[PDB]
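Participant: Any chance you could fold what I've pasted below:
(chains A, B, C, D, E, F, G, H, I, J, K and L)
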There are 12 protein chains.
Amino acid sequence: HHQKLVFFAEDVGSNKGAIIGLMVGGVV
Amino acid sequence: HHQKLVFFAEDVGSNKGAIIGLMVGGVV
Amino acid sequence: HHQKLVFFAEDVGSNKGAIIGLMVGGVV
Amino acid sequence: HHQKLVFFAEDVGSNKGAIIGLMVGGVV
Amino acid sequence: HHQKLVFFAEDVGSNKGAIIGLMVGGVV
Amino acid sequence: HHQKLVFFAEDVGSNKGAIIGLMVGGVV
Amino acid sequence: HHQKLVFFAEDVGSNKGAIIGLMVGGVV
Amino acid sequence: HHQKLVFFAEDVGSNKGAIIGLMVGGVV
Amino acid sequence: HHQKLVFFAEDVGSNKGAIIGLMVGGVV
Amino acid sequence: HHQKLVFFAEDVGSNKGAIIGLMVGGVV
Amino acid sequence: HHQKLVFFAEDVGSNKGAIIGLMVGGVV
Amino acid sequence: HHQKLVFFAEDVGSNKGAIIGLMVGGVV
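Facilitator: Numbers count the residues shown, from 1 in each chain, chains lettered A, B, ... in the order given. There you are, the coordinates:
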């Protein structure tokens, strides 16, 4: 009577990069 | 009576790149 | 009485690239 | 010689709700 | 010599709802 | 010498609802 | 010679809700 | 009494490229 | 010769809610 | 020759709520 | 009467990169 | 009557990189 269950989940809502807000520059 | 279940999920709603908001530049 | 179920899902609503908002430039 | 510039951006790549990965249940 | 510029952007690539991956249930 | 420019953009590539991947159920 | 610039950005890549990974239950 | 079920899903509502909002430039 | 610049940014990559990893329960 | 600059930023990458890792329960 | 269950979850809502708020520069 | 359960979770809401707030520079 063998029985095995496997439940796996990965990479949900993650950020290992860059979320930047505002960038501005130049003579004014 | 062998029995196996496997449930897997991956890459759901994730961002490892860049979400930028505003970019502006130049003489004014 | 062998039995196997496999459920898999991938790449749902994810962004590893760039969602940019506004880009502006040039002399004014 | 009046001059005004306004730059605004909002709601870019954001999640205040729920990104869920896997949901499973029931007798097995 | 009046001058006005206005730049606005909104709701770009955003999710305040639910991105779900897999849903499963029932007797097996 | 009056001058006005207005640039507006809205609702581009956004999801405040539900992107679901797989749904399964029932006796098996 | 009046001059005003205003740059604003808001809600970029944020989550004040719930990102859940795996949910499982039921008799097994 | 062999029995196998396989359920697979992929690439649903995802963006690994760029959703941009507004782009503007040039002398004004 | 009046001159004013204002730069503002808000709510970038923040979580005042709950990021949960795994949830499991039920008789086994 | 009046001149004023204002730079403001708020709520960047913060969590005043709960990031939980694993939750498990039930008879086994 | 063998029985095994395995539940795994990974990379949920994490940031090992850079969430920046405002960036500004240039002569003014 | 062998029985084994394994529950694992990893990388949930963590930041080993840099969350910066405001960056500004240049002659003014």
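Participant: Chain A against chain D: which residues are in contact?
Facilitator: Chain A has residues A:5, A:7, A:8, A:9, A:12, A:13, A:19, A:22, A:24 near chain D, with proximity defined as CB under 8 Å from any CB of the partner chain. From N, CA and C alone the C-beta is placed, and that goes for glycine too.
Participant: Contact partners for the first one?
Facilitator: Spelled out, it's residue A:5. For residue A:5, the residues meeting the contact criterion (CB atoms under 8 Å, 6 or more residues apart in numbering or on different chains) are B:4, B:5, B:6, B:7, D:28, G:28, K:4, K:5, K:6.
Participant: Write the PyMOL selection for whichever of the residues you listed are buried.
Facilitator: Buried residues within the contacts of residue A:5, by 16 or more other CB atoms under 10 Å in any protein chain shown, are selected in PyMOL with:
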select buried, (chain B and resi 4+5+6+7) or (chain D and resi 28) or (chain G and resi 28) or (chain K and resi 5)
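Participant: who's in contact with the residue positioned nearest the centre of chain A?
Facilitator: Nearest residue to the geometric centre of chain A (CA atoms, centre = their mean): residue A:14, 2.0 Å. Applying CB under 8 Å, 6+ apart, we find residue A:14 in contact with B:14, B:15, B:16, K:11, K:12, K:13, K:14, K:15, L:11.
Participant: ok, 7 Å please
Facilitator: Residue A:14 is in contact with B:14, K:11, K:12, K:13, K:14, counting by CB atoms under 7 Å, 6 or more residues apart in numbering or on different chains.
Participant: before we move on, what about residue A:4?
Facilitator: Neighbour list for residue A:4: B:4, K:4 [criterion: CB under 7 Å, 6+ apart].
Participant: May I have the beta-bridge partners of it?
Facilitator: For residue A:4, the beta-bridge partners under DSSP bridges are residue B:4, residue K:4.
Participant: how much space between it and chain J?
Facilitator: For residue A:4, the distance to chain J equals 16 Å [CB to the nearest CB, to the nearest Å].
Participant: Just confirm yes or no for stretch A:15-28 near chain E.
Facilitator: No. Using CB under 7 Å from any CB of the partner chain, stretch A:15-28 never reaches chain E; the gap is at least 11.6 Å.
Participant: what about that stretch and chain H, touching?
Facilitator: No. Against chain H, stretch A:15-28 shows no contacts by CB under 7 Å from any CB, the least distance being 11.6 Å.
Participant: for that stretch, which positions count as buried?
Facilitator: Within stretch A:15-28, the residues scored as buried using 16+ other CB under 10 Å are A:15-26, A:28.
Participant: hmm, the stretch of helix or strand residue A:21 belongs to touching chain L?
Facilitator: Assigned by DSSP states H and E, residue A:21 falls within strand A:20-23. No. Strand A:20-23 does not reach chain L (CB under 7 Å from any CB); its nearest approach is 9.5 Å.
Participant: quick one: that strand near chain G?
Facilitator: Yes. Part of strand A:20-23 sits near chain G under the criterion CB under 7 Å from any CB, namely A:21, A:22.
Participant: And that strand, what does it pack against?
Facilitator: strand B:20-23, strand G:4-12, strand I:4-12, strand K:20-23 (3 or more CB pairs under 7 Å, 6 or more residues apart in numbering or on different chains; DSSP states H and E).
Participant: Adjacent strands (with direction) for that strand?
Facilitator: Going by DSSP bridges, the partners of strand A:20-23 are strand B:20-23 (parallel), strand K:20-23 (parallel).
Participant: How far does that strand sit from its chain's centre?
Facilitator: Strand A:20-23 has its C-alpha centroid displaced from the chain centroid by 19 Å (CA atoms, centre = their mean, to the nearest Å).
Participant: what sits up against it?
Facilitator: Identification of contacts with strand A:20-23 by CB under 7 Å, 6+ apart yields B:18, B:20-23, G:7, G:9, G:12, I:7, I:9, I:12, K:20-23.
Participant: mind redoing it with 8 Å?
Facilitator: Contact with strand A:20-23 is made by B:18-24, D:9, G:7-9, G:12, I:7-9, I:12, J:9, J:12, K:19-24, as judged by CB under 8 Å, 6+ apart.
Participant: mind saving the C-alpha coords of it as CSV?
Facilitator: What follows is strand A:20-23, C-alpha atoms only, in CSV (Å, rounded to 0.1, in the frame of the first residue of the first chain):
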residue,chain,number,x,y,z
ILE,A,20,13.1,52.7,-9.3
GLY,A,21,10.7,55.6,-8.7
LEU,A,22,11.7,58.8,-10.4
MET,A,23,14.8,59.6,-12.5
